[PDB]
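>>> model the following, please.
(4 chains, ligands or ions: 16)
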Amino acid sequence: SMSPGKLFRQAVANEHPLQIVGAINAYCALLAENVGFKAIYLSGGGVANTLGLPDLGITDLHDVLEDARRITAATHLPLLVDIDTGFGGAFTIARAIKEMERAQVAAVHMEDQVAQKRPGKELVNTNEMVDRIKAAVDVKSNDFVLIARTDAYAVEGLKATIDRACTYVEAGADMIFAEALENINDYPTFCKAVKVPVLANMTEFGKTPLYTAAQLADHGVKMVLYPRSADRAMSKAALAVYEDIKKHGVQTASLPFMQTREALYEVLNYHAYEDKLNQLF
Amino acid sequence: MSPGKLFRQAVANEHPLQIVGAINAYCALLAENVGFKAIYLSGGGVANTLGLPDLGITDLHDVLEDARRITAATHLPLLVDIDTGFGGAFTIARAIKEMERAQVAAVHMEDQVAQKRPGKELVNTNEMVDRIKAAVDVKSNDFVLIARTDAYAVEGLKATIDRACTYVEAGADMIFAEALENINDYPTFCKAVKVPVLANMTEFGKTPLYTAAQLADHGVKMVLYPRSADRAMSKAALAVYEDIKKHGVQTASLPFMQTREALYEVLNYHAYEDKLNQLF
Amino acid sequence: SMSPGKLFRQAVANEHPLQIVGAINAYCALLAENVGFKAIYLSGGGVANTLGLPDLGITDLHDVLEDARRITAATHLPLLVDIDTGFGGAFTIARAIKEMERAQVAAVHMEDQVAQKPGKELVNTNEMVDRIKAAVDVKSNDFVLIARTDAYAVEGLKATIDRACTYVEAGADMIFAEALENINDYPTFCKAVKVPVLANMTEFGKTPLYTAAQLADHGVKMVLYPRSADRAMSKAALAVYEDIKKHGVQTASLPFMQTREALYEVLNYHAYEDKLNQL
Amino acid sequence: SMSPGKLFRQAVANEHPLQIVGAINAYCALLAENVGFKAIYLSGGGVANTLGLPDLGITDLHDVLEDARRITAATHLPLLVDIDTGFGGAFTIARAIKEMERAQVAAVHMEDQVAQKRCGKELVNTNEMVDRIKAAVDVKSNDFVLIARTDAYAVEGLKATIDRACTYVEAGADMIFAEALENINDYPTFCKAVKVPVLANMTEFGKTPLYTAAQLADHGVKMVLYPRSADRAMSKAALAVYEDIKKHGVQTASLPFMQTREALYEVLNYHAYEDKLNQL
Ligand SMILES: [Cl-]
Ligand SMILES: [Cl-]
Ligand SMILES: [Cl-]
Ligand SMILES: [Cl-]
Ligand SMILES: [Cl-]
Ligand SMILES: [Cl-]
Ligand SMILES: [Cl-]
Ligand SMILES: [Cl-]
Ligand SMILES: [Cl-]
Ligand SMILES: [Cl-]
Ligand SMILES: [Cl-]
Ligand SMILES: [Cl-]
Ligand SMILES: [Mg+2]
Ligand SMILES: [Mg+2]
Ligand SMILES: [Mg+2]
Ligand SMILES: [Mg+2]
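Numbers count the residues shown, from 1 in each chain, chains lettered A, B, ... in the order given. Ligands and ions are numbered 1, 2, ... in the order given. Have a look at this structure:
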C-alpha cells in the first residue's frame, strides 16, 4: 500500500526508538523480521567483508546493489542501505539513488569521508558533502529517505559536527547519522539542533560505549543501528563448526548450536509452497 | 595447477577429503583458515539464503554468482551443486562452461526430475546418461563431474549401484551416494563403482552421523558437510536478534561474537595497510 | 505518476494500433523513444542471440532480467518483456513476475509451448492455465500479462481461439496471436477473445507483412516489430567490419555512421554539463 | 591450449599491424570473428553509451566486467577491454585485473586521466600513473597484457608524452596506447622511443585524421584500434528502421538493409544445435 520510503518514515515515527538491525543476506532479514524488528540494514562493511574485502570503499554500486536486491526480494521490511561516499562523483551518486529506489530500498546513508586513493579518517570539506547531497536529492523521490552521515565528531568535535549536520539538512538530507558520539549527554543538544530524526550507531568493539535503545531514545535519538552484531556472532559460530569438524571428524559437538530443520522450514514459510505444489498437481 | 586438478589431488591425498559447505566468500576463508582442503557451495544454501526453498527454483545465475564470489577470494577447490543442470542439454553445457570460467573445481548433478504425488521421483537411467553426456561433451579433462544418485531411498542398493556404474560409463568422474542408511553399504558400493565416492554427512537427515575415519574405512573418498556452518550461523544470528530485541542492547551477545582482531586476521587486513603507507 | 503497467494499458487504449518496437539495449530504446514510439519490447530471441545463443529457451530469468533492467533504467517508455515459457514451474513463473515488476517492466508475454522437445509442441490447455494462474496470483493489478498462443500453425484457428479464450478466463490481460497467416483471421479472433490482441509482424517468417493500419482495421490493438532494428544493426556492423578488413580503414563506412553530435543528442549530454557547472 | 594473454601477444607479433575492432556485444564479436579479425575490443564509451550513460567514468568494474564476460563466453578471440582509469584506487585496480583475468580477457588498457576533476582534459602526475600501473602489474599474470594509455599528447606535446610512456613501460606496462597523435610522422619517433608495441586509435569524428592500417604499420605501429566504428553504423541503421516503421506503418523499406534469417543461423552455428535436437 505504502512505498518503502514511507514505511521507513512511519517506523521512525512510531518506534521509540526504531532499532535497525544489520542483516547480511535475505535469510538473516527474515530472521530479524521474525523476531519482530521494524527495519533492517545492509552494512557496507558487511557487503565488503562477506566478499573477503576490507571496508575501504573497494566495493562499487553493483556489489551493494546486488546484496540489497536479494534482501528486498524476500521481505517488505524497510531496508536502510550503506552507500559509503556514493561510489564516485555526482553522476554516480544520482545513479546509486535511482538504482536503490528501483531495488525497492527504503533509505540510504552517505558519509562525509574522502573516497579516493592513489591520516586514516579524513573528511571532505562541508561544501563537497553538500555537493554529494545535492546530487542525491535532485533525483530522489519524496518518500525515499536520504540519511546524511557525518564522521566529524572524533576529528573536529561536537560543535563542528552539529554545524555540518545542520548544513546537510539544509542541503536536502532527510535524517542524520551521528557517528561515534562519546558522551550520551551530547545527543539532546545534537538532536534539538538538527531537528530531523537522528540515528546512533551502537556498534560493538568501537570507541563509543554501549547504551541501551531506551537510554538513547531518552536523549532524543530516533534510530539505533546494530550494523554487524549478528554477522560477528555468525562468523564465530561458523568458525566453531569448522573447527569441530576438523578436530573431531564429525559435527556431533556442533549439533546443539545448529538451527533445527523444522525452524528453517518455518522461517522459509515452506508449508505454503507444498500447498500450491499439490493444488495444481 | 588447474582448479579441477587441485580437487583431484585433494581427493587422492586425503583419507578422506572433508569438504565443508560455505555460503559466502568469508565462510570459505574461515574454512581455509581451519585447514580444509576443499569447500562446497550448497544448492540448498544458495536458495535458502535468498529465502527460497530448495526446490530447483534457482537457476544457473543464482548459483554462478555465489560461486564467483567464493572463487574470487580463495584458490581452495570449490565443489558446486548444480541440481539437475537447470534445464535441457544446452543449459547443462552452459552450466559446465560457466562454472569452469568461474574457476570452479567440480560440480555435482543428480538424477531427480526437475520440479516434478509428493516424494523423490527419479529420471530414467537413460535420461541421466543424457544429462551426463551433455556435461561431459564440453567439460575439460581436469574439471570434475560428480554424478549424484538419489536412488537408494526409492529403489534400493542394487538399483543404485547399477545407475552409478552406468553414470561412470557415461563419463562421470566421481559418485555422490545420497542417503545410504547403513555404513556397511559403502564398501560394496565403492568397490562396484571404482571411482571416488562422496558421502553426505548432513545433520537432521535420514542418515545417522559417522566420522570421516569411519567412512574412509568403508571405502569413502569424500565426506561432505553441506550446511553445518550455515545452521550454526542462523541460530547465532537469531540469538543476537533476540538479545537486542529483549534487552535493548547486545551486551549479552558480546562473548559470542568474533573479535574485531580476528576479523582483520582473516581478511589479511595488515597487507592492505602496507600499501596504504607505501603510496603515501 | 502512473505505474508502468498503467502506462502500457493507456498506450494500448489510445493508439490505433499501438506499435511496439523491439530494442536490444538501453540505447536502442532511446532511439525508439526519440522517433516517438509509445511502447518498446525486449525480444527473448534478441536476448539469446545477442549472447550468441539460439532462441531455444536456454536463457533464464537472469539473462532476460538483466537486459530488461538496463532498458527500464534509461527510459520510462512501457516495456514489454518476453519471458518464454516462464523459465520453469509455478514458482519460477511467480518469481519472474515479481522480478519483472521490481525491474519496472510494464508487461510480459508467456507462451504455451513445451520447454523440452521441424515443428512446435504445445502444452495441454490446462497446463497453460496453470502457468497463467501462477503468474496471475502474484501479479499486481496494473501489470500486464499477455498470454501468447503458438497453436495456430499446429492446431488451426478454432483450437487457437478456444485456448486464447480459456487463457483470458484464467486471468490473462491480453493475447498474443503468433503467426496467423491470413489477415481475415484476425476479426474473428479479436471478436472472440474480447481483450486486446497483439500481432507479430516479424520479417522473414511464415506470416506476410501487413501495415499497422491494415491490422488495426482487422481488430488488432498492438503490432510488434520484435527484431526489425536488430537485423539492420547486424548487417550494418558486418559491413563496417568488412570495410575495415578489406580496405585497412573505415573511410567508406563513414556515411553510414551516426555522427558524434547525434550521439550526444540522444544521450541528452548537455544535461550532464549543466550539472557539472551547477555544483 | 594457449592463454588469452598469449593469444593476444601472438596476434600482435604476427600481424602487420593487428587490427583490433570494437564489438559492443557477443554477437558483434562473432560477426568480427567471421570477417576474420584476430582480436576484438570492448569500448568503455561503448559500455556506457549502450546503457545510455556518457563516457565520463560513471560505469564501474561490474558494468564493464559483465559486457566482457558475455563476449568471452562466445568467442576465444583475444579481447582487449577498456578499464578507464581503473575504477578507483590501487585496490580497485588490483581487483579489476584479477576479475578481467578470471573473465578470460586477454588485455586491458588503463589511462593517465584524472577520475574526478574541477567543477579541456586533466592528467594525473606521472608518479600517480606509475602507482596505477604498479597496482595492476603486482597482481597480473605474465601472459596477461597491460596496455598503458597516455592522453598527454594533446595537453603536453610529443616529448612529454614519450617521457611518460617510457616511464610507464619501466613501471611494468606491456604495451602503449598513444591517444590522438595528430601527425603520422610522430609515430616512428614515438615507437622507436618506447620500444614496446604501440596501439594507434583510429576513431572517427576525432581530432586525429584517418590513416590506413598499412600506413600506420609503416610508421612503426603494431596495433590499430577501431573502437566504435561498428557501433556507430548500428545506431544509424537502428534509427532508420525505427523511422521507417513509424512513418510507413510497415518495415518493407528497411527489408533490403536487414540481415537475412539464413545469415543469422550461420553466425550462430545453428545447425550444431539441430544436431543435438535429433541425437536426443
Ligand atoms: Cl575492515
Ligand atoms: Cl523470495
Ligand atoms: Cl536545520
Ligand atoms: Cl529447504
Ligand atoms: Cl577478493
Ligand atoms: Cl564402472
Ligand atoms: Cl533463433
Ligand atoms: Cl541511465
Ligand atoms: Cl473470454
Ligand atoms: Cl559520450
Ligand atoms: Cl555462446
Ligand atoms: Cl624506454
Ligand atoms: Mg559503511
Ligand atoms: Mg542440492
Ligand atoms: Mg521469444
Ligand atoms: Mg574509454
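>>> please count neighbours and contacts with C-alpha atoms only from this point.
Will do.
>>> for residue A:159, phi and psi?
The phi/psi pair for residue A:159 (degrees, to the nearest 10) reads phi -70, psi -50.
>>> swap in residue A:22?
Dihedral pair for residue A:22: phi -70, psi 140, per degrees, to the nearest 10.
>>> do the same with residue A:270
According to degrees, to the nearest 10, residue A:270 has phi -70, psi -30.
>>> tell me if residue A:204 really is in a helix.
No. Going by DSSP: H, G, I helix; E, B strand; the rest coil, the assignment for residue A:204 is coil, not a helix.
>>> and the longest helix for chain A?
In chain A, assigned by DSSP state H, the helix with the most residues is helix A:229-248.
>>> ok, then the element right after that helix?
Next helix or strand after helix A:229-248 toward the C-terminus (DSSP states H and E): helix A:261-268.
>>> now do the buried residues in that following helix.
Under the neighbour-count criterion of 16 or more other CA atoms under 10 Å in any protein chain shown, helix A:261-268 has A:264, A:267, A:268 buried.
>>> how about stretch A:49-68?
Of the residues in stretch A:49-68, those buried (16+ other CA under 10 Å) are A:49-65, A:67-68.
>>> right, is it up against ligand 1?
Yes. Using CA under 5 Å from the ion, we find that stretch A:49-68 touches ligand 1 at A:54, A:55.
>>> which outside residues touch that stretch?
For stretch A:49-68, contacts defined as CA atoms under 8 Å, 6 or more residues apart in numbering or on different chains pick out A:24-25, A:42, A:44-48, A:81, A:83-84, A:87, A:96, A:99-100, A:103, A:105, A:115, B:24-27, B:29, B:69-70, B:73, B:267, B:269, D:60-62, D:88-89, D:91-92.
>>> excluding its backbone neighbours, what's nearest the residue of chain A found nearest chain C?
In chain A, the residue found nearest to chain C is residue A:131; the distance is 6.0 Å by CA to the nearest CA. Spatial nearest neighbour of residue A:131, chain neighbours left out: residue C:279 (6.0 Å); criterion: CA to CA, 6 or more residues apart in numbering or on different chains.
>>> hang on, the earlier thing: buried residues in the longest helix of chain A?
Neighbour counts over helix A:229-248 (16+ other CA under 10 Å) mark A:229-246 as buried.
>>> that's a helix at residue A:70, yeah?
Yes. Judged by three-state DSSP, residue A:70 forms part of a helix.
>>> go through stretch A:208-222 and flag the buried ones.
Judged by neighbour count using 16+ other CA under 10 Å, the buried positions of stretch A:208-222 are A:208, A:210, A:211, A:212, A:213, A:216, A:217, A:219, A:220, A:221, A:222.
>>> surely the fifth one touches residue A:184?
I take that to be residue A:213. No. The pair residue A:213 / residue A:184 is not scored as a contact, 11.7 Å apart, by CA atoms under 8 Å.
>>> chain A: strands as residue ranges?
A:18-22, A:39-42, A:79-82, A:107-111, A:145-150, A:175-178, A:198-201, A:223-226 (DSSP state E).
>>> burial count for residue A:128?
Residue A:128: 14 surrounding residues under other CA atoms under 10 Å in any protein chain shown.
>>> residue A:271 is in contact with residue A:265, isn't it?
Yes. Between residue A:271 and residue A:265 there is a contact under CA under 8 Å: 7.4 Å.
>>> just the buried residues of stretch A:49-68 that are near ligand 10?
Checked against ligand 10 using CA under 5 Å from the ion, the buried residues of stretch A:49-68 give no members in range.
>>> inside helices: which ones of these?
A:49, A:50, A:51, A:61, A:62, A:63, A:64, A:65, A:67, A:68.
>>> closest one of those to ligand 10?
Ligand 10 lies nearest to residue A:61 out of these, by CA to the ion, at 20.6 Å.
>>> related to what we said a few turns ago, so which of the buried residues of stretch A:208-222 sit within helices?
Per DSSP H, the buried residues of stretch A:208-222 map to helices at A:213, A:216, A:217.
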